[PDB]
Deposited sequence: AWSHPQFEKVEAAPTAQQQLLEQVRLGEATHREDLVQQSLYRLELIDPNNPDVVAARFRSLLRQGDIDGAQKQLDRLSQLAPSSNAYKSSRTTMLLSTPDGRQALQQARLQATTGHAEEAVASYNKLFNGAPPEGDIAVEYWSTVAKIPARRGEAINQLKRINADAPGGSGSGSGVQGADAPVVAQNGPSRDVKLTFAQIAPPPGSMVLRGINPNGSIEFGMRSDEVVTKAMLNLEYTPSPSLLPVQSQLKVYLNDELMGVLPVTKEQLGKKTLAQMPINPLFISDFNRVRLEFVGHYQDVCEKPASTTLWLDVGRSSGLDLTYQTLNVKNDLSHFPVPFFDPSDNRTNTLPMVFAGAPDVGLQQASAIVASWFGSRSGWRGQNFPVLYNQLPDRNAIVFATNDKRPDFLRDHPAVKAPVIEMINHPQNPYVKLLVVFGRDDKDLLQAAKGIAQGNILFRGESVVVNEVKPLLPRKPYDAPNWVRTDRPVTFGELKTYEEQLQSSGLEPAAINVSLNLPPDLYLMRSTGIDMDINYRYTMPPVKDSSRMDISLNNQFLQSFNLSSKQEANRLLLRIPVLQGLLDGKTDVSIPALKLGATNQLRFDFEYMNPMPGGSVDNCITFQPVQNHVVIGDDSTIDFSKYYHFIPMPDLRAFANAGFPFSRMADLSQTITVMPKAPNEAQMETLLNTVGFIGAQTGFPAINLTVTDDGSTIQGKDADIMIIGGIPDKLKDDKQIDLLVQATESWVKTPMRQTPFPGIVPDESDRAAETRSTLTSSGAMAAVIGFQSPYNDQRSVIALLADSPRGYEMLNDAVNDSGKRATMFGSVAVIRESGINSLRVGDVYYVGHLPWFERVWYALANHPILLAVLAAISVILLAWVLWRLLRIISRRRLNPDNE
């Protein structure tokens, strides 16, 4: 049984005195079956009296994880004497257990390294589990190696570390030399199998059965309705999708929808008191909004979440309660009472976005403790990734001012070691590390130096996302002395630390951005992401939406709430285009166009049935400047073509009701085109290839362009 392996892991962890493994195993055995006396006794070992009180009272998946997918970008790894460690990380869900795991390697040792002495080691969260010595027959040839992985040592989050220690000379070998290396091919990878378990129908660990942060793959939980949902039900589903997208984050969001059809995976079921789904028939009527989880009628391995309410208002209340907290999930059939309204949100208050009104310390930008430090012969570059609003604008002034406090080891040379600051892989400035020792006396034979630096960056172009990089480049002397009698310096590991007191400020920027620019929409959700809860957005959805339109709306709202750090609890989904007249908000149109906005002549592309037309700009440049050129973006020709092919596009134009407000519409003509539009929307890689004002999505790919009038949104004072 799986619980037997869980208890074996439990006793293994206590034998190794590792609290992380045992705690995860307990969480798992309690998830699968918390009723047996064994789990309550094991929890007693891990207050203590309560455990004694209650004590007295499947399908499997085979996956391939090659180095080309879960390694640094190039995939291939080169291990040297300065960077001999290489890590590969993967995660296991809390509802699945790994039975068999195998590691396959394909490496080529350098021809010059000494045999036997040079060996390659593997570490699965430490726990040295084998060494691979280098023989004479494999000194300079490609080798195939296979080594099993013990399943009992695998936890929720774990990595495998490849340590390469090698030598090429007995005496006077040069460190950091290129003669020693060990290239690891990208074809190498792991080989493990996961097995699902029939977890208990308990809502206490919400939403682990439906979404667990341990899984690093895309979260694709579907949704099921009764068919042709009403306006309020669409709003509730959009709110739930936004909350789930915010919770998932960068994993990827995809919410397929079904109409009165059972799914084949964990899904959310929306069922009012009336028009109940066919499989939910004979469920007793409810008087209050209630949330419960029920097993799939066919197999118990699929867990379904059912949201029940008297009417669409109760469903909206339940969705708003789910988006917020204080629900206190426990057992099943948890009811949601009146939910307090959310407090008003200041613009640009997204939790993910870095604060702009006040200086931001490096401590809050740090995600894990070991991010702001490095060690080794050549310390690794410290990377600090910060998400920024996409409308930051600089108007002839000093840009990002940042104070840096750092600690570094004393360099061997006086005035050679430098610290390099790079933004978006662009060199910014260099600072020389001080030293108090001459090189001539280095052949003769304890503190840590401190440093303070003030840095100002022009930063004309920032973008939706960016990262920093601090490179500490030392000079390491080679062996010297006389030729007949040489002396080699023993390598010493040097540590570089960036203090948390370092602050970065963006208070000298302005919220100005040319429009229409859907690249910011693709990367940050602008302008709907200006309000974290989407309190200034109206969604125009077609009457009686089909599956494709519901899926497109769900995916768009999920990605918008994923780029933003907060769910959209105040989104307003409408059914007709007449109500948006005389309103001050950003209108997002899904699958179609209102007749009043379709003949305003600001539209640069309109796909209607088999006929579509586009306004070609005058001249398109691959790399535009900061200031848009109106002459270049002026329309030149309008060509209309008709064909049976499937196509979709996303366009943006100024709202005809307000100068500041903007309208972005997603349009499709055929179900295939809807499929391609969904795929482009939910895919992060494809969504980053769109810019300008019109972005067509054909089978070849996405070919965007910029055309039309330019309207500026924001506040810009005198100059």
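Coordinate coverage of the deposited sequence is interrupted at 1-14, 61-68, 80-187, 576-579, 854-899, where no C-alpha atom was modelled.
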